[PDB]
């Protein structure tokens, strides 16, 4: 199961908008005109087909279990702010949470070459 942060629990969940913000299709019609359940932003309600969000099935299953924010709403899970540079907020490849590079421990200055996952998704050591 996906672990939730205390501040994510019992935060309000916005009314979901039942069409995709990318293609304007409902859950009945993604871009291939096939049914596909939407993922919806807990802050603004904006939704997306996982295919339109470019999420894998594995990531989709994970983000559906969490209080997810859309691309525009995403705030840093550490400092809780947005900041002014979008190329400074990494999105976790395991849970899609955002973290500013400077809010990582230790801070990052340079982009990872491959996947990046947050400290929440890294398992505890033996």
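Basically, rigid core = biggest C-alpha set you can superpose within 1.5 Å across the two forms. Numbering follows the first chain given and starts at 1.
In 6 other deposited structures of this protein, rigid core aligned: more displaced of 55-63 and 85-93 by C-alpha RMS: The stretch that sits farther from the shown form in 6 other deposited structures of this protein is 85-93.
Stretch with the greater mean C-alpha B-factor as recorded in the entry, comparing 3-11 against 115-123: Of 115-123 and 3-11, the stretch with the higher C-alpha B-factor average is 3-11.
Which of 25-33 and 89-97 has higher mean CA B factor, as the PDB entry lists it: Of 25-33 and 89-97, the stretch with the higher C-alpha B-factor average is 25-33.
Out of 77, 47, 82, 69, residue topping the C-alpha B-factor column of the entry: Checking the PDB record, the top C-alpha B-factor among 77, 47, 82, 69 is at 82.
Residue 17 - which third its CA temperature factor falls in, relative to the rest of the chain: It belongs to the middle third of the chain when residues are ordered by C-alpha B-factor.
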